[PDB]
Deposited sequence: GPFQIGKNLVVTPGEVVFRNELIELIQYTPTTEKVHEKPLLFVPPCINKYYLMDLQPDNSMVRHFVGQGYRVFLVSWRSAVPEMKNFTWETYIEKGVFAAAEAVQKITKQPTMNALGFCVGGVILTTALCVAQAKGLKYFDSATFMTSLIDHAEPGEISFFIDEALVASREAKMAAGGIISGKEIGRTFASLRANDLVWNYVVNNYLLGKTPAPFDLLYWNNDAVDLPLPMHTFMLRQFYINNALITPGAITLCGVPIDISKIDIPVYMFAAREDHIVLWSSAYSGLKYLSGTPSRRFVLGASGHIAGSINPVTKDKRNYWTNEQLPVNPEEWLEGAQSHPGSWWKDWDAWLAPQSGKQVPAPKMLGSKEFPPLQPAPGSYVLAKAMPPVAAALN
């Protein structure tokens, strides 16, 4: 069967940093030269990251390392009791910022480009606001891959959030707790039959390999984003001492959505763009197909197509009407957008980590191997 790290999730590298929330994976170079400016992947913390690193042929991380990027990836710890009080803020501080700090220390580069996928995109979005407000310059650009900002139309999840249960948890928040992967899967699972082509056993395995979340983080996510749609209203939430205002984000943004995505409706993603009014530029790219088939659409096979349009009208239907279709994988377009923002070519590093951050264990590390807690 599947053994994570052995016949799945095999892109070579090392865990180079670990804390109470993350392992940071640094991938081994496969090119003689690399773009100097690192690339940080922020996967979701619902399910395991390795949707982005399945087999070599369909691995997103492997592709980008092969394009010369200095790829680092956040591997989230599945919640256990010592994490029962962790909050959304913990994911910003101990997740995104801790990762960014380690990247700066290891590479000696002052900044990086960031990618956030699914809920990792929402965490990244909030992290960007905190960083901007505090003058912390971690990121030179941000990419949001099938992630919401405007949660007004979150899809069918809207019908299945139990507001009374969220309120019950809020009442007892200070005690913390653990939300089971089983519970999370009833609302946040993202696999559909049409993603299985026709290993589609890889995807079936991934879908069932669930992870747990801290109660405070999860309850806040439901209340503030899904119910209150807080990000569209400046100052509606406060994180890390900062009133959150998406209009303050001030770096180039790339936003990817998939046309047939039933999990993150493409028009709902598109709706976020108008809120990013402090950015110097925004790029929206629409991939063909469904959530997984469209998102994880590799260049190795280069199937399907994507659409581009540099004009960003308010109406997504107008965007699409003016768009140009291009054959193959949107990864190519993202690469072309990222590369000019990635510095000059330098020799590939000969070692993983650094003296201060020595390699700890081979990729894919220990946190991705955890099994969800037993039923309670």
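Several segments of the deposited sequence have no coordinates for C-alpha: 1, 200-212, 391-395, numbered from the first residue.
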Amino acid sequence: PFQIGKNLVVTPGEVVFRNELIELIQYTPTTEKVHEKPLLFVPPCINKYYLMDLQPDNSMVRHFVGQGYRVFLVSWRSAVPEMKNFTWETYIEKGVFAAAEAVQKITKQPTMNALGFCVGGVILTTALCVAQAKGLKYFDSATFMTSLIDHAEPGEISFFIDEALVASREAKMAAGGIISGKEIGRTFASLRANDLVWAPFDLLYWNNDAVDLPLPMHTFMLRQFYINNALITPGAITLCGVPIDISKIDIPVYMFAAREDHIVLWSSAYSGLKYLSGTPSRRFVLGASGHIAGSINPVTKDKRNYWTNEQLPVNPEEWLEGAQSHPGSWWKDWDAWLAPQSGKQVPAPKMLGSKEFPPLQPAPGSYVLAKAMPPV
From here on, numbers count along this sequence of modelled residues.
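Taking only CA atoms, the mean B-factor in the PDB entry is higher for 364-372 than for the other of 364-372 and 10-18. The stretch 150-158 shows the higher mean C-alpha B-factor when 242-250 is compared against 150-158 in the entry.
When the C-alpha B-factors of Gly272, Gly120, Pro110, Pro81 are read from the PDB record, the largest value belongs to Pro81. Comparing C-alpha B-factors across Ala258, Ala167, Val96, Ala142 in the deposited entry, the largest value falls on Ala167.
In the deposited entry, the Cα temperature factor of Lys48 sits in the middle third of values across the chain's modelled residues.
Sorting the modelled residues of the chain by their CA temperature factor places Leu40 in the lowest third. Looking at the C-alpha B-factors along this chain, the one for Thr126 belongs to the lowest third. When the modelled residues of the chain are ordered by C-alpha B-factor, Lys105 sits in the lowest third. In the PDB entry, a CA B factor belonging to the middle third of its chain's modelled residues is recorded for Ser268.
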